[PDB]
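Okay, here we've got a single chain as structure tokens, the form deposited in one PDB entry, with questions on binding and movement later.
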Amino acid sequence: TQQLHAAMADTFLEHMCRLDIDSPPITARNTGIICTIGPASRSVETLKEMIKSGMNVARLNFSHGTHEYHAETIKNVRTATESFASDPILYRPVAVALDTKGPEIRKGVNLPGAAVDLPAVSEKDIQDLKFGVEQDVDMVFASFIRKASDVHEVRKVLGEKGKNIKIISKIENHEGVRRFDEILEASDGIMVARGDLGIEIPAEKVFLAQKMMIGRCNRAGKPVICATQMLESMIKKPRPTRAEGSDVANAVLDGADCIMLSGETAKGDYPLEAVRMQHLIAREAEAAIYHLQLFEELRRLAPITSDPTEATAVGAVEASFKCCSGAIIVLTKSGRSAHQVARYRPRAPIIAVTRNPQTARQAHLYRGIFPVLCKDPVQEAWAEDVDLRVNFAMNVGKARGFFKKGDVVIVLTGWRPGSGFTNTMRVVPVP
């Protein structure tokens, strides 16, 4: 009863009328969880407890701290992550995100609708960005991105050694919102950094820009993060306010791909509980999603394509709703084939099984993608290697309770090795 009665309502109002607090959700949680790591959670042993509580991405705020400090944070993060590698099935990749300092003023001061002469990427940012490339980070949260000319300046700094590092522009000013479209078309994703946004724009208007930015990225198929202050009271209290709970649930209902925690995990006194709460609420909001309107409106807004993979993805999502599938298993190398299934927001989890660890780590940016890293070696026959990576996803889904033997799942593959060829959709029962 994953709010399936509400998902069959002919109207959006009756769908709300049918929401049932006694109807439990599916064990799979589709929204990524980004926890800012700091003094309260840098310990290697407590980082393990945060992975178990559902952390997907470890955020590193570079507004303070030295490279020697952040390298120890990354060292322990990876130590906690690989502590579960003694198990390929239940292992879970954890990403490393670099939030740059950006154009600041420092105690930090703020100035609304003004010019901000500071450059997009100063030498402090360049030395921090090149540090991330050396540390093998998975993504960059570029702060105070005001125009498209800033993302290109950041992309050039990362260079070709980190060409595959995904850039997440942080909308933090009024100019960034006013010029959001050229920023989104230039970025790998967007973060709605409500923290600094609520000071530059009127606080009563932050919800307008958040829902606008999430929708526009939702139609564009790009990840969007809701950031800062979702459970701020949890910094000193073990339970969030009613407003904070509904904020996390509404961000997931708005369509945000990941939800973020900053002070709640960096310096607060209840970092484990804040991660556990965000996991619980996001899973509940995923059940309350009105997929009947979401899947239709996303398809109607999406254009016709000559791309075989895009056509397979829509058909795969349409097939999953038809048979209430346990998961969408997608063989992917660069994550792209999994990203194209995610943009149509299926209900079932997207078990994106891959061999590239960086794509498994970057998979958390997208809603509903559950990456699994296959350490098995390539078989001589390609057919055997494809079905091996699919059976690897079957064993994972059974262990993580995503589905059981006899259930129906959709498997996405392609006709030849290499990337951009995902074009084969199969409806197979779980062995």
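In case it trips you up, residue 1 is the first one in the sequence shown, and so on. Rigid core: the largest C-alpha set superposing within 1.5 Å between the two forms.
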I want to check something about residue 105: across the other compared entries that model its neighbours, is it left unbuilt in at least a third? yes
Given the other compared entries that model the residues flanking it, would you say residue 115 is unmodelled in at least one third? yes
Report, from the record, the number of residues in the deposited sequence between residue 242 and residue 243 that have no coordinates, as none, 1 to 3, 4 to 9, or 10 or more. none
Which is higher in the entry, the mean Cα B factor of 122-130 or that of 285-293? 122-130
Identify the stretch, either 192-200 or 276-284, whose C-alpha atoms have the larger mean B-factor according to the entry. 192-200
According to the deposited entry, which of 215, 315, 176, 349 has the largest Cα B-factor? 176
Looking at 168, 85, 329, 220, which has the highest Cα B-factor in the entry? 85
Please rank the C-alpha B-factors of the chain's modelled residues and tell me whether residue 35 sits in the lowest, middle or highest third. lowest
Taking the values exactly as deposited, rank residue 181 by C-alpha B-factor within its chain and report the matching third: lowest, middle or highest. middle
Sorting the chain's CA B-factors, does residue 144 end up in the lowest, middle or highest third? highest
Residue 377's Cα B-factor: lowest, middle or highest third of the chain? highest
Test of reading the entry: by CA B factor among the chain's modelled residues, which third contains residue 255? lowest
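The form deposited in another entry exists for this protein as well; it is not shown, and the discussion that follows is about that form.
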With the two forms superposed on the core, which of 26, 374, 390, 396 shows a CA shift of 2 angstroms or more between this form and the one not shown? 26
So, superposing on the core, is the move of residue 419 at the CA at least 2 angstroms between this form and the one not shown? yes
